[PDB]
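Each chain gets a letter, A, B and so on, in the order the sequences are listed, and its residues count up from 1. Only this structure's heavy atoms are used, side chains among them; waters, hydrogens and symmetry mates stay out.
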Amino acid sequence: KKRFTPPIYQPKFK
Amino acid sequence: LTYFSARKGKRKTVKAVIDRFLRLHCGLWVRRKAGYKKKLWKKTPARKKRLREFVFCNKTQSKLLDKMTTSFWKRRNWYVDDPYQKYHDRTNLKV
Amino acid sequence: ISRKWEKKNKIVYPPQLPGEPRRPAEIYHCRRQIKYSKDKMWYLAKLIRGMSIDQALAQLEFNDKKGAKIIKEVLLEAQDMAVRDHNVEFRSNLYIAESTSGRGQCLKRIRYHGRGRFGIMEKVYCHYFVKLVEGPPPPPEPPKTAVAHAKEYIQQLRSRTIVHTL
Amino acid sequence: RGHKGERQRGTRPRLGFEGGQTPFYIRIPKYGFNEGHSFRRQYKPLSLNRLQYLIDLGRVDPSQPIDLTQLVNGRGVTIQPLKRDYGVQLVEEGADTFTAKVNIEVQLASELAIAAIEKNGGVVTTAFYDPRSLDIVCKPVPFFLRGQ
Amino acid sequence: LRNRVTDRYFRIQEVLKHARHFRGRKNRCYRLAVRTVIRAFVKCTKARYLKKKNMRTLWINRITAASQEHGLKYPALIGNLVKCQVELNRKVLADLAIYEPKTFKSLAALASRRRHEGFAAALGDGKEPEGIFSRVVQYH
Amino acid sequence: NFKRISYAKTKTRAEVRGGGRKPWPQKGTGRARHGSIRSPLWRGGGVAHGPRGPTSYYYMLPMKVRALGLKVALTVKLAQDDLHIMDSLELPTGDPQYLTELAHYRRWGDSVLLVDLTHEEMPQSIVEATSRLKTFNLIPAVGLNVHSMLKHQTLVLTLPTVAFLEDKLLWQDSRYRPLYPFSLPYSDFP
Amino acid sequence: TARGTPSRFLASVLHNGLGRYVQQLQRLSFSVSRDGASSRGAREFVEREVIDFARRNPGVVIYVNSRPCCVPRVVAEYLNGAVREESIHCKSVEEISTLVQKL
Amino acid sequence: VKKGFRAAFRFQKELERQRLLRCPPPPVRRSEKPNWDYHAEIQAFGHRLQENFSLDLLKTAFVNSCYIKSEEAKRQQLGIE
Amino acid sequence: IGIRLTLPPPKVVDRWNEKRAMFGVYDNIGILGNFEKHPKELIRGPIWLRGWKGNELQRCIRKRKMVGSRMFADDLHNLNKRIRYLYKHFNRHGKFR
RNA sequence: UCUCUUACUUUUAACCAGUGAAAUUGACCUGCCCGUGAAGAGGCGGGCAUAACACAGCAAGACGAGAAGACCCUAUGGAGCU
RNA sequence: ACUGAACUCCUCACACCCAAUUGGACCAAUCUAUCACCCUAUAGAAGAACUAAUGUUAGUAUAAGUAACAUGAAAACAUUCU
RNA sequence: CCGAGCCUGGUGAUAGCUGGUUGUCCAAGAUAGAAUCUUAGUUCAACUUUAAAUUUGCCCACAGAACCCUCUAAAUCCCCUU
RNA sequence: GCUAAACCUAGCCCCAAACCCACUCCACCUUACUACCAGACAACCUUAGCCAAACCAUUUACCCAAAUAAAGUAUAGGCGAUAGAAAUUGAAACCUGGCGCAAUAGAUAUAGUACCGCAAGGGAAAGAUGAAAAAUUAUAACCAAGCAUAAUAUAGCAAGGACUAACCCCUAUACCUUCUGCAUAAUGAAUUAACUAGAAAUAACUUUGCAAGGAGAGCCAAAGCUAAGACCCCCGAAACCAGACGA
Ligand SMILES: [Mg+2]
Ligand SMILES: [Mg+2]
Ligand SMILES: [Mg+2]
Ligand SMILES: [Mg+2]
Ligand SMILES: [Mg+2]
Ligand SMILES: [Mg+2]
Ligand SMILES: [Mg+2]
Ligand SMILES: [Mg+2]
Ligand SMILES: [Mg+2]
Ligand SMILES: [Mg+2]
Ligand SMILES: [Mg+2]
Ligand SMILES: [Mg+2]
Ligand SMILES: [Mg+2]
Ligand SMILES: [Mg+2]
Ligand SMILES: [Mg+2]
Ligand SMILES: [Mg+2]
Ligand SMILES: [Mg+2]
Ligand SMILES: [Mg+2]
Ligand SMILES: [Mg+2]
Ligand SMILES: [Mg+2]
Ligand SMILES: [Mg+2]
Ligand SMILES: [Mg+2]
Ligand SMILES: [Mg+2]
Ligand SMILES: [Mg+2]
Ligand SMILES: [Mg+2]
Ligand SMILES: [Mg+2]
Ligand SMILES: [Mg+2]
Ligand SMILES: [Mg+2]
Ligand SMILES: [Mg+2]
Ligand SMILES: [Mg+2]
Ligand SMILES: [Mg+2]
Ligand SMILES: [Mg+2]
Ligand SMILES: [Mg+2]
Ligand SMILES: [Mg+2]
Ligand SMILES: [Mg+2]
Ligand SMILES: [Mg+2]
Ligand SMILES: [Mg+2]
Ligand SMILES: [Mg+2]
Ligand SMILES: [Mg+2]
Ligand SMILES: [Mg+2]
Ligand SMILES: [Mg+2]
């Protein structure tokens with residue numbers, strides 16, 4: 001199948 | 001086997017053991033032979049006689065049944081006309 | 001945070017006995033939180049490390065690096081304070097004993113790589129530390145000659161014992 | 001805990017399970033060994049030599065009628081109304097070397113014990129107690145504090 | 001956090017003080033220092049056998065050198081010194097070869113004499129004197 | 001230890017706020033598998049085997065054993081020259097420094113446990129004198145205990161207290177089985 | 001480890017055995033506590049065996065300070081300026097006697 | 001913070017040792033240190049080399065002239081007889 | 001770095017406190033008070049554990065039995081889940097079955 | 001397109017100045033041949049080689065990096081469909 | 001004939017070289033009772049010990065000063081030019 | 001990021017499967033099989049560990065353990081002394 | 001010597017006791033925070049499933065009377081995993097604490113804020129002088145990794161034996177897990193600091209007490225009974241169900 005993993009954004013305060 | 005019950009926090013007993021076995025106060029368990037009332041027409045009189053016997057259990061089986069039953073079933077009973085009264089004690093046993 | 005280089009000019013020595021070496025003057029100076037990389041600053045400090053004050057200023061005047069003018073400014077203030085505060089009569093009679101760069105407090109920013117992925121950017125800062133000693137620069141150590149090589153080889157041969165015995 | 005498996009991971013099958021084969025405690029046919037166990041009557045045995053010992057050690061006094069409450073107050077028998085004990089049964093263990101001359105009231109008695117007690121000039125009678133009266137006569141003081 | 005560890009530094013230093021003379025990150029970083037110190041201590045324990053063996057090999061080499069200086073061979077010298085009932089070990093034999101060359105020459109001469117006497121004995125079955133530096137001394 | 005109740009408690013990985021969802025699905029990225037924040041492996045997560053609720057440490061030694069301990073402590077106090085028996089605790093003045101000077105002059109010790117009877121016949125003089133002292137502790141006979149007798153250097157009883165203690169500790173010997181609690185009539189038991 | 005530790009050669013102090021043997025131990029200083037469970041072995045050592053030790057070897061000066069301490073100690077000072085300090089904390093009297101004889 | 005006192009005391013002792021190593025004080029006389037009894041030291045000295053010295057003669061041999069001049073200078077500068 | 005650079009403030013303990021000096025008093029009150037009171041009745045604490053030791057599952061079951069009707073909603077949900085989990089753990093998991 | 005490729009321009013490139021990531025990383029003082037060995041070695045055996053240190057390239061190896069193989073099997077693990 | 005083990009002898013000492021599993025002797029920190037009083041003791045207890053979980057968080061490295069990214073020209077800085 | 005959305009809750013779902021499981025020191029310690037939707041697991045045997053009670057355990061000699069055809073081997077069982 | 005390091009106290013936890021809150025003016029169910037207009041619609045309902053039964057298909061504790069005991073007994077049940085009473089018993093009015101945490105801990109909390117999401121919803125991080133800062137003084141340093149002071153020297157798991165000498169000589173196939181067996185080119189790991197994983201019964205064993213009786217009612221008892229000690233982990237699916245939120 002079409003296995004995709006969306007990217008993860010870190011919290012903006014760091 | 002419900003070591004701790006959700007109501008009292010107590011150990012429970014397996015009732016199949018109680019329905020199938022008798023415990024003498026000495027520590028011995030008495031059972032009946034398997035198949036002692038199944039297809040007696042294909043069995044010899046000696047086989048049926050040895051199937052009609054009340055027999056003792058292993059050490060391993062005895063400890064398993066003691067674990068599966070509660071200490072209420074291990075107390076000393078004083079029934080009126082118990083046919084197993086004389087078997088509740090051991091005599092002339094050395095270590 | 002530690003600021004100990006600043007307090008090295010507050011040391012007061014007891015008065016020397018008349019018959020004693022001059023005890024040349026010793027001046028410490030620094031600049032904190034320079035918007036520059038500490039490796040890039042280390043290269044300029046390493047160049048300046050052994051020179052006299054005038055030669056170091058001359059070398060830093062014609063270097064086209066961002067930290068060259070910063071180190072030049074630091075050296076100029078160090079020279080001025082050496083003549084004014086620490087009793088150095090000849091403004092040209094100073095040489096650089098210590099010249100080094102150190103990491104400063106930095107910041108972190110986001111880099112926005114070419115997907116929903118990213119990196120962390122660091123806004124680099126650095127410190128510059130200089131130390132001036134009054135007097136002419138010490139002569140450079142001459143390379144050892146073949147005579148010295150032979151002498152040390154002979155001494156190595158003569159130093160050997162009979163090992164693992166009486 | 002050993003290496004992996006159900007052992008180290010703690011997810012071991014229940015006690016009595018034997019790996020899938022019909023267990024031992026299920027293979028055996030059912031038999032009515034303990035069929036009506038909670039309804040059978042029980043009687044604490046009281047031997048003639050124990051009664052003689054009680055008499056000799058300053059405990060329950062033959063000069064007065066001896067019944068369940070006297071035996072419990074002398075602490076010769078401990079009767080449990082719960083656990084289905086219906087009183088004291090008299091047994092002939094110390095039939096000989098028994099010189100007591102007592103008037104005792106029990107719930108069961110063997111003919112040899114009756115002979116032994118009647119033989120020393122005493123009288124033995126056999127009475128009945130329901131569980132409630134058993135509790136009352138064994139511990140009268142709590143019944144009196146009960147207020148009934 | 002009831003009773004967490006307080007003196008972890010002293011355990012880290014207990015391991016790290018045996019790594020100060022190492023090279024790389026294993027002289028300061030515990031995770032690598034501990035492994036390298038374990039190996040170093042195992043090597044220290046195992047090195048005693050090798051030290052004994054290597055010192056004996058050095059003695060044998062030195063004795064061979066001295067015996068060849070005197071024209072003898074090491075097996076001949078050792079065997080005939082045993083046969084003369086002089087029980088000097090390889091250590092003291094090398095000691096004498098380095099520091100008492102006169103004594104070592106005397107020892108080599110005695111071994112050569114005993115070897116020649118052994119050859120004469122293998123030729124003549126004694127008959128009469130069976131050699132002079134033969135005739136072992138008996139004890140009871 | 002029998003009266004101790006420990007009120008220390010932690011939150012397990014189910015009582016910590018949040019953590020219901022699974023972050024960063026199982027197989028995609030190159031991160032370790034996790035099914036919840038607030039797991040014990042996480043900062044801010046639950047405690048795996050921390051203290052749980054108020055815990056009680058209640059148990060009872062047999063009262064024969066405890067009475068034996070009382071007799072043993074009295075025996076030790078007598079054998080080590082630490083027991084003093086008075087006719088009555090009475091002071092002409094009724095001030096703490098008098099009692100302290102008396103103890104110092106009599107070479108009793110630093111901590112003195114004075115024992116009286118019934119807590120009501122305690123005289124005003126000793127009550128006033130001892131209510132200010134720190135190492136001088138006035139207790140009735142009913143409160144005598146091994147911990148206090150060991151904590152105080154010297155034990156100071158009275159004659160009625162001696163008789164009371166003798167009777168109460170001797171009753172434990174030559175006593176029957178309970179057969180029901182001793183707060184019930186028990187004809188000869190007061 | 002030898003490669004991780006210093007080393008020296010076998011030697012004497014002042015050619016001890018050539019003329020007269022001299023006791024290299026100069027002083028023993030004891031810190032022992034009046035009260036304190038850790039100084040009980042030291043307490044009984046001072047009670048019994050310190051006097052006999054001093055009488056046995058009179059070239060050694062022994063001081064006992066008797067100060068409040070959690071760790072009783074013995075400091076041995078030698079003719080060549082060497083100072084060695086040992087803990088006699090929670091040690092038996094035989095242990096302390098063996099320690100001082102070794103010192 | 002972490003509750004406790006033993007690790008803190010140990011680290012304070014370690015820091016004091018490191019400070020002493022980094023800045024060693026100038027050495028002083030053994031007579032200026034706690035454990036010192038001069039008469040006992042003299043007797044033990046005489047006893048250790050297996051000799052029978054005259055005690056007063058040994059004290060005289062250990063006195064020095066410069067010491068005497070320093071002492072008299074100290075007394076004359078302090079005004080004490 | 002983990003150790004404090006300073007010594008923690010000296011913590012003085014008053015051993016002759018009121019509480020420390022009176023600790024243990026009126027214990028043995030049943031033994032030498034004609035058994036009018038039990039020492040277990042000198043215990044102060046939660047209503048569901050006074051004179052009772054119990055397990056952790058036993059403690060949870062007892063607390064829900066005795067005081068679980070006037071508990072807060074989230075606390076009671078937590079107790080129910082804890083009892084469920086503890087039942088499963090003490091009845092299905094571990095060595096020694 | 002190719003036989004069969006060549007020339008120039010722009011970008012890139014390389015150097016100088018400013019700013020300044022990411023995957024990756026057990027530690028590394030990180031050579032070749034033959035042999036060996038969990039069966040394909042920089043690290044083991046036997047030989048050979050061998051002052052130190054930047055810069056630009058290349059892609060033969062580091063069973064190179066990435067994604068706890070999707071192919072195959074197993075699980076008294078699932079789910080969609082008939 | 002010699003060399004050659006941790007085999008055996010020699011001087012001294014000896015509990016001091018198997019996975020899972022099992023028995024045992026001690027024991028670091030902390031808190032509590034009572035001691036102690038430059039950091040200890042006898043006991044009771046427990047959130048009681050981390051070279052490793054593509055572990056969690058924070059710091060800082062490596063890759064790397066690398067990949068990458070900017071400002072059309074002259075001048076009076078009015079303006080003009082491409 | 002749809003063979004069936006997403007969020008919260010049941011939920012610390014369950015995992016015979018992988019990974020991990022933290023002071024010192026000493027000691028004993030390697031298993032014939034049976035059954036099982038069972039062979040990636042478990043239960044009973046067997047081996048192993050601890051503590052107790054008691055008396056024999058191992059090694060073994062004579063004598064002894066159908067036949068049947070054609071051989072019938074290395075050996076085995078039993079077994080006092082020692 | 002830089003970066004750094006270190007610190008007590010904000011607060012919190014578990015109990016006890018006590019039943020607790022809410023209109024200054026104005027605005028706020030329409031597109032909430034909107035001064036002012038004619039269809040008046042309206043709520044009341046058995047959870048399910050995961051899981052256990054080593055599959056699963058009947059079944060599988062979880063409900064709101066102080067305790068205790070009867071009793072894990074009677075009973076129920078693919079009579080099997082497990083489920084499980086009652087009669088009866090009896091349950092002394094008052095006392096403001098901590099062998100709890102101390103900034104990765106203790107509440108998510110400095111805050112349900114910032115930030116993320118259309119929405120339901122998810123959800124942070126962090127502070128440290130001193131009596132005085134209307135004392136800006138000079139001190140106070142010492143301590144992780146990373147660097148600098150101070151690049152390098154034939155050869156080789158980085159060391160050990162050593163040695164007069166750092167190297168040169170000789171010896172030596174990282175660790176963990178997993179396996180019949182790994183230097184293995186099988187797993188994992190840049191490194192530092194902090195956090196991070198064995199919870200309990202039956203029956204035995206040892207040590208006390210008392211002893212044909214023990215136990216502070218109930219229970220056990222042909223030396224037993226009472227009390228104590230000692231004892232059974234952590235992370236991870238794809239799933240299923242209920243109720244909301246989304247064109
Ligand atoms: Mg494992
Ligand atoms: Mg297996
Ligand atoms: Mg939750
Ligand atoms: Mg990764
Ligand atoms: Mg999960
Ligand atoms: Mg937390
Ligand atoms: Mg550039
Ligand atoms: Mg090859
Ligand atoms: Mg290159
Ligand atoms: Mg490699
Ligand atoms: Mg690959
Ligand atoms: Mg995989
Ligand atoms: Mg299967
Ligand atoms: Mg040899
Ligand atoms: Mg914990
Ligand atoms: Mg822990
Ligand atoms: Mg760590
Ligand atoms: Mg880790
Ligand atoms: Mg590059
Ligand atoms: Mg470029
Ligand atoms: Mg799990
Ligand atoms: Mg694997
Ligand atoms: Mg062994
Ligand atoms: Mg089947
Ligand atoms: Mg399997
Ligand atoms: Mg199932
Ligand atoms: Mg299962
Ligand atoms: Mg299935
Ligand atoms: Mg009822
Ligand atoms: Mg917090
Ligand atoms: Mg938080
Ligand atoms: Mg450092
Ligand atoms: Mg080499
Ligand atoms: Mg394999
Ligand atoms: Mg191998
Ligand atoms: Mg590997
Ligand atoms: Mg694998
Ligand atoms: Mg990796
Ligand atoms: Mg399923
Ligand atoms: Mg479905
Ligand atoms: Mg639309």
Side-chain angles (χ1 to χ4, degrees), chain A residues 4-6 11-13, chain B residues 3 5-6 8 10-13 66-67 70 72 89 95, chain C residues 2 4 7 10 37 39 64 66 100 102-103 111 113 119 121 127 159-161 163, chain D residues 2-3 5-6 13 18-21 38 82, chain E residues 1-3 5-7 23 29 31-32 34-35 39-40 43-44 47 49-51 54 75 79, chain F residues 1 7-10 13-14 17-18 20 26 30 32-33 35 39-43 47-51 54 61-65 178 180-181, chain G residues 3 35-38 68 70, chain H residues 1 3-4 6 9 15 18-19, chain I residues 1 4-5 38 45-46 55 66 68-69 80 84-85 90 94-96:
Chain A
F4 170 70
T5 309
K12 285 172 50 178
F13 82 93
Chain B
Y3 304 86
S5 51
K8 307 203 71 56
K10 277 182 185 164
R11 198 185 187 97
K12 288 190 170 190
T13 168
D66 285 39
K67 289 176 179 321
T70 291
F72 169 88
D89 274 83
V95 319
Chain C
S2 46
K4 333 207 293 179
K7 288 138 75 122
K10 320 247 195 42
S37 176
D39 318 83
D64 42 8
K66 189 216 223 160
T100 192
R103 173 188 152 100
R111 216 256 180 189
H113 278 255
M121 254 168 36
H127 316 303
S159 266
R160 63 188 148 152
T161 60
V163 319
Chain D
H3 200 19
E6 273 171 317
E18 328 204 318
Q21 145 195 310
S38 35
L82 324 158
Chain E
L1 288 166
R2 274 212 36 80
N3 65 42
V5 163
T6 52
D7 59 332
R23 151 209 299 250
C29 301
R31 173 191 270 290
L32 324 161
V34 66
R35 289 172 207 147
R39 301 189 47 93
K43 283 165 186 303
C44 193
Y49 301 99
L50 294 147
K51 179 191 191 172
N54 285 357
Chain F
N1 267 276
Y7 302 91
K9 183 185 197 198
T10 48
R13 52 172 301 180
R17 185 94 185 234
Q26 165 105 355
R33 301 171 315 192
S39 98
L41 272 63
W42 286 63
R43 168 202 180 266
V47 191
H49 303 294
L61 301 175
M63 56 159 108
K64 291 185 189 158
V65 175
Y180 58 68
Chain G
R3 278 176 153 278
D35 314 319
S38 278
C70 276
Chain H
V1 291
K3 48 205 175 185
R6 303 215 185 190
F9 185 86
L15 285 177
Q18 266 159 35
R19 300 173 185 159
Chain I
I1 303 154
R4 39 187 307 141
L5 303 194
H38 202 290
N55 209 8
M66 314 204 33
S69 66
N80 287 348
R84 224 168 285 135
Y85 171 78
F90 281 119
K95 225 176 173 175
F96 301 149

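Distances were taken from every side-chain heavy atom of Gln21(D) (C-beta onward) to each of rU36(L), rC37(K), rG209(M); the shortest belongs to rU36(L). Side chain of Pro13(D), nearest nucleotide from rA65(M), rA67(M), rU42(L): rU42(L). Closest contact between the side chain of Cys70(G) and the listed nucleotides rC38(K), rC15(M), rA201(M) involves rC38(K).
Side-chain N/O atoms of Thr13(B) and base N/O atoms of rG72(M) include no donor-acceptor pair closer than 3.5 Å. A donor and an acceptor atom never sit less than 3.5 Å apart when one is taken from the side chain of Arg43(F) and the other from the base of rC195(M). Applying the 3.5 Å distance criterion, the base of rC147(M) shares no donor-acceptor pair with the side chain of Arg103(C). With hydrogens and angles left out, the side chain of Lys4(C) and the base of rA141(M) share no donor-acceptor pair within 3.5 Å. Evaluation of atom-type donor-acceptor distances gives a pair under 3.5 Å for the side chain of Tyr85(I) against the base of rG12(L). Scanning atom types as modelled, no donor and acceptor separated by under 3.5 angstrom connect the side chain of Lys3(H) and the base of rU30(K). For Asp35(G) and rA36(K), a side-chain-to-base donor-acceptor distance below 3.5 Å is absent, hydrogens and geometry of angles not being considered. Between the side chain of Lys12(B) and the base of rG84(M) there is at least one donor-acceptor pair of N/O atoms closer than 3.5 Å. Put simply, the side chain of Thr70(B) and the base of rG72(M) share no donor and acceptor less than 3.5 Å apart. Contact annotation: side chain of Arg31(E) to base of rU191(M), donor-acceptor pair absent below 3.5 Å.
No canonical Watson-Crick or G-U wobble pair links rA32(L) to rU11(L) with each of its two hydrogen-bond distances shorter than 3.5 Å. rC69(K) and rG18(J) are base-paired, meeting the Watson-Crick or G-U wobble geometry with both donor-acceptor distances under 3.5 Å. With both atom-pair distances required to fall under 3.5 Å, no Watson-Crick or G-U wobble pair links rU31(M) to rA140(M). Between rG224(M) and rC210(M) there is a Watson-Crick or G-U wobble pairing whose two distances both come in under 3.5 Å. The base of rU31(L) does not engage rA93(M) as a Watson-Crick or G-U wobble partner with both distances under 3.5 Å. Entry note: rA41(K) and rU34(K) meet the pairing test, Watson-Crick or G-U wobble at under 3.5 angstrom for both distances. Under a 3.5 Å limit on both donor-acceptor distances, the bases of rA107(M) and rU191(M) fail the Watson-Crick or G-U wobble criterion.
Remark: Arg4(I) is in phosphate contact with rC8(M), judged by side-chain N or O atoms under 4.0 Å from OP1 or OP2. Between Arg33(F) and the phosphate of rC17(L), there is no side-chain N or O to OP1/OP2 separation shorter than 4.0 Å. An OP1 or OP2 oxygen of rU40(K) is reached within less than 4.0 angstrom by a side-chain nitrogen or oxygen of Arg6(H).
With a glycosidic angle no further than 90° from 0, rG198(M) counts as syn. Base orientation at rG224(M) is anti, since its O4'-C1' glycosidic dihedral falls outside 90° of 0.
Atoms NZ (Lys95(I)) and P (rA20(K)) sit 13 Å apart, rounded to a whole Å. If you measure from atom NZ of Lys9(F) to atom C1' of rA46(K), you get 18 Å, rounded to the nearest angstrom.
For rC12(M), the paired nucleotide is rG100(M), the pair qualifying as Watson-Crick or G-U wobble because both relevant distances are below 3.5 Å.
Looking only at distances, a side-chain donor or acceptor of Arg11(B) sits under 3.5 Å from a matching main-chain atom of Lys67(B).
Within 4.0 Å of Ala8(F), counting heavy atoms only, lie sugar-phosphate atoms of the nucleic acid but no base atom.
Each of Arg11(B) and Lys12(A) lies near RNA chain M, and the nucleotide nearest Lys12(A) is the one positioned closer to the 5' end.
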